[PDB]
>>> print(open('query01.csv').read())   # CSV, C-alpha atoms (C1' of nucleotides) and all ligand atoms
chain,number,residue,atom,x,y,z
A,1,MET,CA,-43.7,-17.9,-5.7
A,2,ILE,CA,-40.4,-19.5,-4.9
A,3,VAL,CA,-37.2,-17.5,-5.3
A,4,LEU,CA,-33.6,-18.8,-5.3
A,5,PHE,CA,-30.8,-16.3,-4.7
A,6,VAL,CA,-27.2,-17.0,-5.5
A,7,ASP,CA,-24.4,-14.9,-4.0
A,8,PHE,CA,-20.8,-15.8,-4.7
A,9,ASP,CA,-18.6,-15.9,-1.6
A,10,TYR,CA,-16.0,-13.2,-1.0
A,11,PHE,CA,-15.9,-13.1,-4.9
A,12,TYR,CA,-12.9,-11.0,-5.9
A,13,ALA,CA,-10.7,-12.8,-3.4
A,14,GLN,CA,-12.0,-16.3,-4.3
A,15,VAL,CA,-11.4,-15.8,-8.0
A,16,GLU,CA,-7.9,-14.7,-7.3
A,17,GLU,CA,-7.3,-17.8,-5.2
A,18,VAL,CA,-8.8,-20.0,-8.0
A,19,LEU,CA,-6.2,-18.5,-10.4
A,20,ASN,CA,-3.4,-19.1,-7.9
A,21,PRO,CA,-4.3,-22.0,-5.5
A,22,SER,CA,-1.2,-21.3,-3.3
A,23,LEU,CA,-3.2,-18.4,-2.0
A,24,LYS,CA,-5.7,-20.6,-0.2
A,25,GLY,CA,-5.4,-20.5,3.6
A,26,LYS,CA,-3.6,-17.2,3.6
A,27,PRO,CA,-5.4,-13.9,4.2
A,28,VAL,CA,-6.0,-12.2,0.9
A,29,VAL,CA,-6.9,-8.5,0.3
A,30,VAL,CA,-8.0,-7.3,-3.1
A,31,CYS,CA,-7.3,-3.5,-3.3
A,32,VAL,CA,-7.9,-0.4,-5.3
A,33,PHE,CA,-4.6,1.5,-5.5
A,34,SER,CA,-5.5,5.1,-6.2
A,35,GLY,CA,-2.0,6.2,-7.3
A,36,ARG,CA,-1.6,9.3,-5.2
A,37,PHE,CA,1.0,7.8,-2.8
A,38,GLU,CA,2.4,4.5,-1.4
A,39,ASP,CA,-0.5,2.3,-0.6
A,40,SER,CA,-3.2,5.0,-1.1
A,41,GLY,CA,-6.6,3.7,-2.1
A,42,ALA,CA,-9.3,1.4,-0.6
A,43,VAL,CA,-9.9,-2.3,-0.1
A,44,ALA,CA,-12.5,-3.9,-2.4
A,45,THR,CA,-12.8,-7.2,-0.5
A,46,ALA,CA,-10.9,-9.6,1.7
A,47,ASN,CA,-11.3,-13.3,2.0
A,48,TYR,CA,-12.4,-14.7,5.3
A,49,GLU,CA,-8.9,-15.5,6.7
A,50,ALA,CA,-8.4,-11.7,6.3
A,51,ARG,CA,-11.8,-10.6,7.5
A,52,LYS,CA,-11.5,-12.4,10.8
A,53,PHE,CA,-9.3,-9.5,11.8
A,54,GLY,CA,-11.2,-6.5,10.7
A,55,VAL,CA,-9.9,-6.2,7.1
A,56,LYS,CA,-13.0,-5.5,5.1
A,57,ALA,CA,-14.2,-3.7,1.9
A,58,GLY,CA,-14.0,0.0,2.3
A,59,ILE,CA,-11.1,0.5,4.7
A,60,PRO,CA,-7.9,2.3,3.5
A,61,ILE,CA,-5.2,0.0,2.3
A,62,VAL,CA,-2.8,1.5,4.9
A,63,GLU,CA,-5.2,0.6,7.7
A,64,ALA,CA,-5.3,-3.0,6.4
A,65,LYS,CA,-1.6,-3.2,6.5
A,66,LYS,CA,-1.4,-2.1,10.1
A,67,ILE,CA,-3.7,-5.1,10.9
A,68,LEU,CA,-2.2,-7.7,8.6
A,69,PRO,CA,1.2,-6.4,7.3
A,70,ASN,CA,1.9,-9.8,5.8
A,71,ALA,CA,-1.3,-10.5,4.0
A,72,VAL,CA,-1.2,-11.0,0.3
A,73,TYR,CA,-2.4,-7.7,-1.3
A,74,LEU,CA,-3.5,-7.9,-4.9
A,75,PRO,CA,-4.6,-5.2,-7.3
A,76,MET,CA,-8.3,-5.4,-8.3
A,77,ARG,CA,-8.6,-7.1,-11.7
A,78,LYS,CA,-12.3,-6.2,-12.4
A,79,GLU,CA,-12.1,-7.4,-16.0
A,80,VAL,CA,-11.0,-10.9,-14.7
A,81,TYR,CA,-13.7,-11.3,-12.1
A,82,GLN,CA,-16.2,-10.1,-14.6
A,83,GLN,CA,-15.5,-12.9,-17.1
A,84,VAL,CA,-15.5,-15.5,-14.4
A,85,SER,CA,-18.9,-14.0,-13.3
A,86,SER,CA,-20.4,-14.1,-16.8
A,87,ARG,CA,-19.4,-17.8,-17.0
A,88,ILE,CA,-21.0,-18.6,-13.7
A,89,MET,CA,-24.2,-16.7,-14.6
A,90,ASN,CA,-24.5,-18.5,-17.9
A,91,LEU,CA,-24.5,-21.8,-15.8
A,92,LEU,CA,-27.5,-20.6,-13.8
A,93,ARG,CA,-29.5,-20.0,-17.0
A,94,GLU,CA,-29.9,-23.7,-17.2
A,95,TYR,CA,-32.1,-23.6,-14.1
A,96,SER,CA,-34.7,-21.0,-15.1
A,97,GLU,CA,-35.5,-18.7,-18.0
A,98,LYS,CA,-36.6,-16.0,-15.4
A,99,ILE,CA,-33.3,-14.8,-13.9
A,100,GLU,CA,-32.4,-11.4,-12.6
A,101,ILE,CA,-28.6,-10.6,-12.4
A,102,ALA,CA,-28.5,-8.2,-9.5
A,103,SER,CA,-24.8,-7.4,-9.5
A,104,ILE,CA,-21.5,-8.8,-10.4
A,105,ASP,CA,-22.0,-11.7,-8.0
A,106,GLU,CA,-25.7,-12.1,-7.4
A,107,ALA,CA,-28.5,-13.6,-9.3
A,108,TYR,CA,-32.2,-14.2,-8.5
A,109,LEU,CA,-33.9,-17.3,-10.0
A,110,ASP,CA,-37.7,-17.7,-10.1
A,111,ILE,CA,-38.0,-21.5,-9.7
A,112,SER,CA,-41.8,-21.5,-9.2
A,113,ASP,CA,-42.0,-23.6,-12.4
A,114,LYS,CA,-39.1,-26.0,-11.7
A,115,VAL,CA,-40.0,-27.2,-8.2
A,116,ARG,CA,-43.2,-27.8,-6.2
A,117,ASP,CA,-41.9,-27.1,-2.7
A,118,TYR,CA,-39.0,-25.9,-0.6
A,119,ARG,CA,-37.7,-29.4,-0.2
A,120,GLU,CA,-37.3,-29.6,-4.0
A,121,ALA,CA,-36.1,-26.1,-4.0
A,122,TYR,CA,-33.4,-26.7,-1.4
A,123,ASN,CA,-32.3,-29.7,-3.5
A,124,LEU,CA,-32.2,-27.6,-6.7
A,125,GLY,CA,-29.9,-25.2,-4.8
A,126,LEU,CA,-27.5,-28.0,-3.8
A,127,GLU,CA,-27.4,-29.1,-7.4
A,128,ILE,CA,-26.6,-25.5,-8.3
A,129,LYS,CA,-23.9,-25.0,-5.7
A,130,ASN,CA,-22.3,-28.2,-7.1
A,131,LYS,CA,-22.6,-27.4,-10.8
A,132,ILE,CA,-20.7,-24.1,-10.0
A,133,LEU,CA,-18.0,-25.8,-7.9
A,134,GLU,CA,-17.6,-28.4,-10.7
A,135,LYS,CA,-17.3,-26.0,-13.7
A,136,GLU,CA,-15.6,-23.0,-11.9
A,137,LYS,CA,-14.5,-24.2,-8.5
A,138,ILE,CA,-16.2,-21.3,-6.8
A,139,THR,CA,-18.4,-21.6,-3.7
A,140,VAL,CA,-21.6,-19.5,-3.4
A,141,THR,CA,-24.2,-19.2,-0.7
A,142,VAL,CA,-27.9,-19.9,-1.8
A,143,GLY,CA,-30.8,-18.2,-0.2
A,144,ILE,CA,-34.4,-19.4,-0.7
A,145,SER,CA,-37.9,-18.2,0.1
A,146,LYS,CA,-41.2,-16.6,-1.3
A,147,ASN,CA,-39.8,-13.4,-2.6
A,148,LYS,CA,-36.5,-11.7,-3.6
A,149,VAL,CA,-36.1,-9.7,-0.3
A,150,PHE,CA,-36.4,-12.7,2.0
A,151,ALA,CA,-34.4,-14.9,-0.4
A,152,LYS,CA,-31.6,-12.3,0.0
A,153,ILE,CA,-32.0,-12.2,3.8
A,154,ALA,CA,-31.9,-15.9,3.6
A,155,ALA,CA,-28.5,-15.9,1.9
A,156,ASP,CA,-27.2,-13.2,4.2
A,157,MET,CA,-27.7,-15.7,7.1
A,158,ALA,CA,-26.2,-18.7,5.4
A,159,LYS,CA,-23.0,-17.4,3.9
A,160,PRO,CA,-20.3,-18.4,3.6
A,161,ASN,CA,-20.6,-21.5,1.4
A,162,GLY,CA,-24.1,-22.1,2.9
A,163,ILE,CA,-27.7,-22.6,1.9
A,164,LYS,CA,-30.9,-21.8,3.6
A,165,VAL,CA,-34.7,-21.6,3.4
A,166,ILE,CA,-37.0,-19.2,5.1
A,167,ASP,CA,-40.5,-20.7,4.9
A,168,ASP,CA,-43.7,-18.7,5.2
A,169,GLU,CA,-43.7,-19.3,8.9
A,170,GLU,CA,-40.2,-17.9,9.6
A,171,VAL,CA,-41.0,-15.0,7.3
A,172,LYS,CA,-43.8,-14.2,9.8
A,173,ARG,CA,-41.4,-14.6,12.7
A,174,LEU,CA,-38.9,-12.2,11.0
A,175,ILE,CA,-41.5,-9.6,10.1
A,176,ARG,CA,-41.7,-9.4,13.9
A,177,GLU,CA,-38.2,-10.1,15.2
A,178,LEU,CA,-35.7,-9.1,12.3
A,179,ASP,CA,-33.9,-5.9,13.0
A,180,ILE,CA,-35.3,-3.5,10.4
A,181,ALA,CA,-31.7,-2.3,9.5
A,182,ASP,CA,-30.9,-5.8,8.1
A,183,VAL,CA,-33.7,-5.3,5.5
A,184,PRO,CA,-32.2,-4.9,2.0
A,185,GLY,CA,-32.6,-1.3,1.0
A,186,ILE,CA,-32.2,0.2,4.5
A,187,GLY,CA,-29.0,2.2,4.7
A,188,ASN,CA,-27.5,3.9,7.7
A,189,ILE,CA,-29.2,7.2,7.0
A,190,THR,CA,-32.6,5.5,6.8
A,191,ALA,CA,-32.0,3.0,9.6
A,192,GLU,CA,-31.5,6.1,11.8
A,193,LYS,CA,-34.6,7.9,10.7
A,194,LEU,CA,-36.5,4.7,11.6
A,195,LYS,CA,-34.8,4.3,15.0
A,196,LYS,CA,-35.8,7.9,15.4
A,197,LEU,CA,-39.4,6.8,15.1
A,198,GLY,CA,-39.1,3.8,17.3
A,199,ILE,CA,-39.2,1.5,14.3
A,200,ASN,CA,-36.8,-1.4,14.7
A,201,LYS,CA,-38.9,-4.2,13.3
A,202,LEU,CA,-40.8,-4.5,10.0
A,203,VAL,CA,-44.1,-4.9,11.8
A,204,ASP,CA,-43.6,-1.5,13.6
A,205,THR,CA,-44.4,0.2,10.3
A,206,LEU,CA,-48.0,-0.9,10.3
A,207,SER,CA,-48.8,0.9,13.6
A,208,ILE,CA,-47.5,4.3,12.6
A,209,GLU,CA,-49.4,6.8,10.6
A,210,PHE,CA,-48.5,6.4,6.9
A,211,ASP,CA,-47.7,10.1,6.3
A,212,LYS,CA,-45.4,10.2,9.3
A,213,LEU,CA,-43.5,7.3,7.8
A,214,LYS,CA,-43.7,8.7,4.3
A,215,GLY,CA,-42.5,12.2,5.3
A,216,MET,CA,-39.5,10.8,7.1
A,217,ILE,CA,-38.1,8.2,4.7
A,218,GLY,CA,-40.0,8.8,1.5
A,219,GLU,CA,-43.2,7.4,-0.1
A,220,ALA,CA,-41.3,4.7,-2.0
A,221,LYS,CA,-39.4,3.4,1.0
A,222,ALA,CA,-42.5,3.5,3.1
A,223,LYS,CA,-44.6,1.5,0.7
A,224,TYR,CA,-41.7,-0.9,0.3
A,225,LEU,CA,-41.4,-1.4,4.0
A,226,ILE,CA,-45.2,-1.7,4.5
A,227,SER,CA,-45.8,-4.4,1.8
A,228,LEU,CA,-43.0,-6.5,3.4
A,229,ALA,CA,-44.7,-6.0,6.7
A,230,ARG,CA,-48.1,-7.0,5.5
A,231,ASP,CA,-46.2,-9.9,3.9
A,232,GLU,CA,-47.5,-8.9,0.5
A,233,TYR,CA,-44.2,-8.1,-1.1
A,234,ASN,CA,-44.5,-9.1,-4.7
A,235,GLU,CA,-41.7,-8.2,-7.2
A,236,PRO,CA,-41.2,-10.6,-10.1
A,237,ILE,CA,-37.8,-11.5,-11.3
A,238,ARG,CA,-37.0,-9.3,-14.4
A,239,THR,CA,-34.1,-9.4,-16.8
A,240,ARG,CA,-32.0,-6.3,-16.1
A,241,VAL,CA,-30.9,-3.9,-18.8
A,242,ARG,CA,-27.9,-1.7,-18.0
A,243,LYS,CA,-29.2,1.9,-18.2
A,244,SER,CA,-25.9,3.8,-17.9
A,245,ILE,CA,-22.1,3.4,-18.2
A,246,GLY,CA,-19.6,5.8,-16.8
A,247,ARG,CA,-16.2,6.3,-15.4
A,248,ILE,CA,-14.7,8.6,-12.8
A,249,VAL,CA,-10.9,9.1,-12.2
A,250,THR,CA,-9.1,10.6,-9.3
A,251,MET,CA,-6.7,13.4,-10.3
A,252,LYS,CA,-3.1,13.6,-9.1
A,253,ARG,CA,-3.8,16.8,-7.2
A,254,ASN,CA,-7.1,18.7,-6.8
A,255,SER,CA,-7.7,21.8,-8.9
A,256,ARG,CA,-10.2,23.8,-10.9
A,257,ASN,CA,-8.0,24.7,-13.9
A,258,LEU,CA,-9.9,23.5,-16.9
A,259,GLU,CA,-6.8,22.8,-18.9
A,260,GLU,CA,-5.3,20.6,-16.1
A,261,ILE,CA,-8.6,18.8,-15.8
A,262,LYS,CA,-9.2,18.1,-19.5
A,263,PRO,CA,-6.8,15.1,-19.8
A,264,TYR,CA,-8.7,13.3,-17.0
A,265,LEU,CA,-12.1,14.0,-18.6
A,266,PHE,CA,-11.0,12.8,-22.0
A,267,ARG,CA,-9.4,9.8,-20.5
A,268,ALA,CA,-12.6,9.0,-18.7
A,269,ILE,CA,-14.5,9.5,-21.9
A,270,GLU,CA,-12.2,7.1,-23.8
A,271,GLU,CA,-12.6,4.3,-21.4
A,272,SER,CA,-16.4,5.0,-21.2
A,273,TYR,CA,-16.7,4.7,-25.0
A,274,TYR,CA,-14.7,1.5,-25.0
A,275,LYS,CA,-17.1,0.1,-22.4
A,276,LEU,CA,-20.2,1.4,-24.4
A,277,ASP,CA,-19.4,-1.0,-27.3
A,278,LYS,CA,-22.3,-0.8,-29.7
A,279,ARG,CA,-24.6,1.1,-27.3
A,280,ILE,CA,-25.3,4.6,-28.4
A,281,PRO,CA,-26.1,7.2,-25.7
A,282,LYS,CA,-28.3,10.3,-26.2
A,283,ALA,CA,-27.4,11.8,-22.8
A,284,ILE,CA,-24.0,12.7,-21.3
A,285,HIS,CA,-23.3,13.7,-17.7
A,286,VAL,CA,-20.0,15.1,-16.4
A,287,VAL,CA,-19.5,14.1,-12.8
A,288,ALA,CA,-17.3,15.8,-10.3
A,289,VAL,CA,-16.2,14.8,-6.8
A,290,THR,CA,-15.3,18.1,-5.1
A,291,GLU,CA,-12.3,18.3,-2.7
A,292,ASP,CA,-14.8,18.0,0.2
A,293,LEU,CA,-16.2,14.8,-1.3
A,294,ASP,CA,-19.6,16.2,-2.4
A,295,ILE,CA,-20.8,15.0,-5.8
A,296,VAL,CA,-21.6,17.6,-8.5
A,297,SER,CA,-22.8,16.9,-12.0
A,298,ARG,CA,-24.2,18.5,-15.2
A,299,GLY,CA,-25.8,16.8,-18.2
A,300,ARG,CA,-27.5,17.1,-21.6
A,301,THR,CA,-29.9,15.0,-23.7
A,302,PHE,CA,-29.6,15.0,-27.5
A,303,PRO,CA,-32.4,14.1,-29.9
A,304,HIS,CA,-29.8,11.8,-31.4
A,305,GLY,CA,-27.0,9.5,-30.4
A,306,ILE,CA,-23.7,11.0,-29.3
A,307,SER,CA,-20.5,10.5,-31.3
A,308,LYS,CA,-17.4,10.4,-29.3
A,309,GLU,CA,-16.4,13.7,-30.9
A,310,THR,CA,-19.7,15.2,-29.7
A,311,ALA,CA,-19.0,13.8,-26.2
A,312,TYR,CA,-15.5,15.3,-26.2
A,313,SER,CA,-16.7,18.8,-27.0
A,314,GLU,CA,-19.9,18.7,-25.0
A,315,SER,CA,-18.2,17.3,-21.9
A,316,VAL,CA,-16.0,20.4,-21.8
A,317,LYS,CA,-19.0,22.7,-21.9
A,318,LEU,CA,-20.6,20.8,-19.0
A,319,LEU,CA,-17.4,20.7,-17.0
A,320,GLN,CA,-17.4,24.4,-17.4
A,321,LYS,CA,-21.0,24.7,-16.3
A,322,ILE,CA,-19.7,23.0,-13.1
A,323,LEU,CA,-16.8,25.5,-12.7
A,324,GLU,CA,-19.1,28.5,-13.3
A,325,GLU,CA,-21.7,27.2,-10.9
A,326,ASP,CA,-19.4,25.9,-8.1
A,327,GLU,CA,-16.2,27.4,-6.6
A,328,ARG,CA,-14.8,24.4,-4.7
A,329,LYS,CA,-11.9,22.3,-6.0
A,330,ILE,CA,-12.3,19.1,-8.0
A,331,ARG,CA,-10.7,15.8,-6.8
A,332,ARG,CA,-12.3,13.2,-9.0
A,333,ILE,CA,-13.6,14.0,-12.5
A,334,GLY,CA,-15.6,11.8,-14.8
A,335,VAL,CA,-18.2,11.3,-17.4
A,336,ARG,CA,-21.4,9.2,-17.3
A,337,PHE,CA,-23.5,8.1,-20.3
A,338,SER,CA,-27.2,7.1,-20.5
A,339,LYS,CA,-30.4,6.9,-22.4
A,340,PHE,CA,-29.2,4.4,-24.9
A,341,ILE,CA,-30.8,3.9,-28.3
B,1,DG,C1',-54.0,18.4,-10.1
B,2,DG,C1',-50.8,15.6,-12.6
B,3,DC,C1',-47.4,14.0,-16.6
B,4,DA,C1',-42.7,14.6,-17.7
B,5,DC,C1',-37.6,15.7,-17.2
B,6,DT,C1',-33.0,17.3,-14.0
B,7,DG,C1',-29.4,17.6,-10.3
B,8,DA,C1',-29.0,15.4,-5.5
B,9,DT,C1',-29.4,11.5,-2.3
B,10,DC,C1',-29.2,6.6,-0.7
B,11,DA,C1',-28.0,2.1,-0.9
B,12,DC,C1',-25.0,-1.4,-2.3
B,13,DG,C1',-21.8,-4.1,-4.5
C,1,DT,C1',-2.8,11.0,3.9
C,2,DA,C1',-9.4,9.0,7.2
C,3,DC,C1',-14.5,5.5,0.8
C,4,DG,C1',-11.9,3.6,-4.4
C,5,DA,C1',-6.4,3.3,-10.8
C,6,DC,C1',-15.3,2.6,-8.7
C,7,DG,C1',-19.7,1.6,-10.5
C,8,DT,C1',-24.7,1.7,-11.3
C,9,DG,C1',-29.8,1.7,-10.3
C,10,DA,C1',-33.8,4.2,-8.0
C,11,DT,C1',-36.2,7.7,-5.7
C,12,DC,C1',-36.7,12.7,-4.5
C,13,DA,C1',-37.8,17.5,-4.7
C,14,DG,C1',-38.0,21.4,-7.7
C,15,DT,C1',-40.2,23.3,-12.1
C,16,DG,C1',-41.6,23.4,-17.0
C,17,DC,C1',-46.4,22.6,-19.0
C,18,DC,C1',-51.4,21.0,-20.5
D,1,LIG,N1,-17.5,-1.9,-0.9
D,1,LIG,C1,-17.4,-2.9,-1.9
D,1,LIG,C2,-18.2,-4.0,-1.8
D,1,LIG,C3,-18.1,-5.0,-2.7
D,1,LIG,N2,-17.2,-4.9,-3.8
D,1,LIG,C4,-17.0,-5.9,-4.9
D,1,LIG,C5,-15.9,-6.9,-4.4
D,1,LIG,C6,-16.7,-8.1,-3.8
D,1,LIG,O1,-15.9,-9.2,-3.9
D,1,LIG,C7,-17.9,-8.2,-4.7
D,1,LIG,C8,-19.2,-8.7,-4.1
D,1,LIG,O2,-19.8,-8.0,-3.0
D,1,LIG,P1,-20.2,-8.6,-1.6
D,1,LIG,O3,-20.7,-7.4,-0.8
D,1,LIG,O4,-21.1,-9.8,-1.7
D,1,LIG,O5,-18.8,-9.0,-1.0
D,1,LIG,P2,-18.0,-10.4,-1.1
D,1,LIG,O6,-18.5,-11.1,-2.2
D,1,LIG,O7,-16.6,-10.0,-1.2
D,1,LIG,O8,-18.2,-11.2,0.2
D,1,LIG,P3,-19.4,-11.9,1.0
D,1,LIG,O9,-20.5,-12.0,-0.1
D,1,LIG,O10,-18.9,-13.2,1.4
D,1,LIG,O11,-19.8,-11.2,2.1
D,1,LIG,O12,-18.2,-6.8,-5.0
D,1,LIG,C9,-16.4,-3.7,-3.9
D,1,LIG,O13,-15.5,-3.6,-4.9
D,1,LIG,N3,-16.5,-2.7,-2.9
D,2,CA,CA,-23.2,-9.6,-1.9
D,3,CA,CA,-20.8,-12.1,-2.3
D,4,CA,CA,-28.4,-2.0,6.4
>>> encode(input="query01.csv", output="structure tokens", more="lines below")
Ligand SMILES: Nc1ccn([C@H]2C[C@H](O)[C@@H](COP(=O)(O)OP(=O)(O)OP(=O)(O)O)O2)c(=O)n1
Ligand SMILES: [Ca+2]
Ligand SMILES: [Ca+2]
Ligand SMILES: [Ca+2]
Amino acid sequence: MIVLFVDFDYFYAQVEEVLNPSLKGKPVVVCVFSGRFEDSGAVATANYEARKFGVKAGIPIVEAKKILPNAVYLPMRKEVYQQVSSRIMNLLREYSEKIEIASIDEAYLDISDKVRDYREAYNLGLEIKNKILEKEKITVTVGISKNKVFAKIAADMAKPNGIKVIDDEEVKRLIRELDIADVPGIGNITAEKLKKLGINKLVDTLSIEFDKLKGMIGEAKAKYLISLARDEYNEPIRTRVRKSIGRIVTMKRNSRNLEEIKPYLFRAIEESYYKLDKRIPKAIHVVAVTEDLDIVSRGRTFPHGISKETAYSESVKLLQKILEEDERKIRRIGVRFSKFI
DNA sequence: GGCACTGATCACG
DNA sequence: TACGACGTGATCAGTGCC
């Protein structure tokens, strides 16, 4: 199987630059202003001029200003990037019926039936990078190999504005030399559990007892890691169906006063229902981000779809179930809808 | 023993 | 004033049930 992975470059920043060209060359920082105070919130993404200096996704907007006080800071316009994205994705649908849209800026294409080899694959990529630059003037890195995982690792190595192949032979080299923490799906918490077992390379997972690996990271993560190690990772490209749609808002000040929380909950419900558009949920979950940042939640499944009215009333009951079952203070309240009809 | 749901955990964008 | 005017998919461990 031959898989082609497309990953738009520093996306939110790039789309901003494309909407206002004068921004090119200057460091740009797309942020999420929380509203609490002057410059509170986090950074969603920074273009490369800004990343060179340590300004990356996740750091507090105030920390980014200490580093680049004169960078152009813009407010995240998620709806905008989303539309640009949908237009770029549509373009990719001309290159394979089998396409898996991983996220807002990543797509997997199974080109097994469009090219006979990596040479033809690599040329299809180029054609695809161009087609996107033409129509939308957006650069994107292309990763290519036998499966989704190595295609992704491919791209990770090529970006920005690059392209790369990882043939069967390099896959074997990587199964041996590639740091196991750079394997899609291996977060910090797991990477550690592995280093705590002397596992640093994919191959190292074949010499350990299965249950010892299972017990430490989980049966699913172990099998995952093992198949990649045996070089038998097979996961077909499948059209993704959004399973849930929610929204979580930060409150002006923490608290556990139902009446002072309601507005935020109903607000979250409103936006959620807007985003639902035509999709009817049968399950509603109220999510809370306690003062100490833990995540608490309570839900309910109905044998029928949920009218907004039902969501409104039922959400309050669940919010309560969280107040009667926890004593900490809430910082971020929200709703989350699933099990669509 | 094993299928099927629920609140928490991890990873990632 | 130290992970978000942020989100979503997947697995896990507990437990209800034939
Ligand atoms: N912590 C994060 C990570 C990503 N994103 C959003 C903004 C990014 O622009 C977009 C795509 O994610 P990537 O991790 O691919 O980041 P970039 O596209 O910005 O950069 P690059 O792909 O060049 O590394 O998702 C976000 O809001 N918060
Ligand atoms: Ca990415
Ligand atoms: Ca990207
Ligand atoms: Ca990692």
>>> residues_around(input="query01.csv", residues="residue 4 of chain B", least_positions_apart="4", cutoff="12 Å", atoms="all atoms listed in the file", output="JSON, numbers by chain")
{"C": [15, 16, 17, 18]}
>>> atom_distance(input="query01.csv", atom1="atom CA of residue 175 of chain A", atom2="atom CA of residue 229 of chain A")
5.9 Å
>>> interface_residues(input="query01.csv", of="chain C", to="chain A", cutoff="9 Å", atoms="all atoms listed in the file", output="mmCIF file with C-alpha atoms (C1' of nucleotides), in the coordinates of the input")
data_model
loop_
_atom_site.group_PDB
_atom_site.id
_atom_site.type_symbol
_atom_site.label_atom_id
_atom_site.label_comp_id
_atom_site.auth_asym_id
_atom_site.auth_seq_id
_atom_site.Cartn_x
_atom_site.Cartn_y
_atom_site.Cartn_z
ATOM 1 C "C1'" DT C 1 -2.800 11.000 3.900
ATOM 2 C "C1'" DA C 2 -9.400 9.000 7.200
ATOM 3 C "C1'" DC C 3 -14.500 5.500 0.800
ATOM 4 C "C1'" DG C 4 -11.900 3.600 -4.400
ATOM 5 C "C1'" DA C 5 -6.400 3.300 -10.800
ATOM 6 C "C1'" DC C 6 -15.300 2.600 -8.700
ATOM 7 C "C1'" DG C 7 -19.700 1.600 -10.500
ATOM 8 C "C1'" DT C 8 -24.700 1.700 -11.300
ATOM 9 C "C1'" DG C 9 -29.800 1.700 -10.300
ATOM 10 C "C1'" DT C 11 -36.200 7.700 -5.700
ATOM 11 C "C1'" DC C 12 -36.700 12.700 -4.500
#
>>> atom_distance(input="query01.csv", atom1="atom CA of residue 84 of chain A", atom2="atom CA of residue 155 of chain A")
20.9 Å
>>> closest_atom_pairs(input="query01.csv", of="chain A", to="ligand CA 4 (chain D)", cutoff="10 Å", atoms="all atoms listed in the file", output="tab-separated table")
residue	atom	partner	partner_atom	distance
A:179	CA	D:CA4	CA	9.4
A:180	CA	D:CA4	CA	8.1
A:181	CA	D:CA4	CA	4.5
A:182	CA	D:CA4	CA	4.9
A:183	CA	D:CA4	CA	6.3
A:184	CA	D:CA4	CA	6.5
A:185	CA	D:CA4	CA	6.9
A:186	CA	D:CA4	CA	4.8
A:187	CA	D:CA4	CA	4.6
A:188	CA	D:CA4	CA	6.1
A:189	CA	D:CA4	CA	9.3
A:190	CA	D:CA4	CA	8.6
A:191	CA	D:CA4	CA	6.9
>>> residues_near_ligand(input="query01.csv", ligand="ligand CA 2 (chain D)", cutoff="7 Å", atoms="all atoms listed in the file", output="MDAnalysis selection string")
(chainID A and resid 7 105:106) or (chainID B and resid 13)
>>> decode(input="query01.csv", residues="segment 147-157 of chain A", atoms="N, CA and C atoms", output="PDB file, in the first residue's frame")
ATOM      1  N   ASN A 147       2.502   3.001   4.942  1.00  0.00           N
ATOM      2  CA  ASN A 147       1.320   3.133   5.784  1.00  0.00           C
ATOM      3  C   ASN A 147       1.142   4.560   6.299  1.00  0.00           C
ATOM      4  N   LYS A 148       0.026   4.789   6.979  1.00  0.00           N
ATOM      5  CA  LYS A 148      -0.273   6.092   7.540  1.00  0.00           C
ATOM      6  C   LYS A 148       0.786   6.576   8.546  1.00  0.00           C
ATOM      7  N   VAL A 149       1.152   5.715   9.496  1.00  0.00           N
ATOM      8  CA  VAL A 149       2.155   6.071  10.494  1.00  0.00           C
ATOM      9  C   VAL A 149       3.470   6.545   9.889  1.00  0.00           C
ATOM     10  N   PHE A 150       4.066   5.778   8.988  1.00  0.00           N
ATOM     11  CA  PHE A 150       5.338   6.239   8.430  1.00  0.00           C
ATOM     12  C   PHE A 150       5.195   7.357   7.439  1.00  0.00           C
ATOM     13  N   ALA A 151       3.987   7.529   6.924  1.00  0.00           N
ATOM     14  CA  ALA A 151       3.750   8.614   5.989  1.00  0.00           C
ATOM     15  C   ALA A 151       3.797   9.897   6.827  1.00  0.00           C
ATOM     16  N   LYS A 152       3.221   9.819   8.029  1.00  0.00           N
ATOM     17  CA  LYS A 152       3.176  10.955   8.933  1.00  0.00           C
ATOM     18  C   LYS A 152       4.573  11.281   9.399  1.00  0.00           C
ATOM     19  N   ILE A 153       5.331  10.259   9.774  1.00  0.00           N
ATOM     20  CA  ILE A 153       6.702  10.468  10.225  1.00  0.00           C
ATOM     21  C   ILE A 153       7.501  11.017   9.049  1.00  0.00           C
ATOM     22  N   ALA A 154       7.091  10.651   7.844  1.00  0.00           N
ATOM     23  CA  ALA A 154       7.763  11.150   6.665  1.00  0.00           C
ATOM     24  C   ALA A 154       7.657  12.671   6.716  1.00  0.00           C
ATOM     25  N   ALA A 155       6.419  13.147   6.636  1.00  0.00           N
ATOM     26  CA  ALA A 155       6.111  14.567   6.651  1.00  0.00           C
ATOM     27  C   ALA A 155       6.782  15.309   7.795  1.00  0.00           C
ATOM     28  N   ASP A 156       6.764  14.728   8.990  1.00  0.00           N
ATOM     29  CA  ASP A 156       7.387  15.374  10.138  1.00  0.00           C
ATOM     30  C   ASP A 156       8.825  15.739   9.862  1.00  0.00           C
ATOM     31  N   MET A 157       9.487  14.926   9.052  1.00  0.00           N
ATOM     32  CA  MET A 157      10.884  15.162   8.727  1.00  0.00           C
ATOM     33  C   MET A 157      11.074  16.200   7.619  1.00  0.00           C
TER      34      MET A 157
END
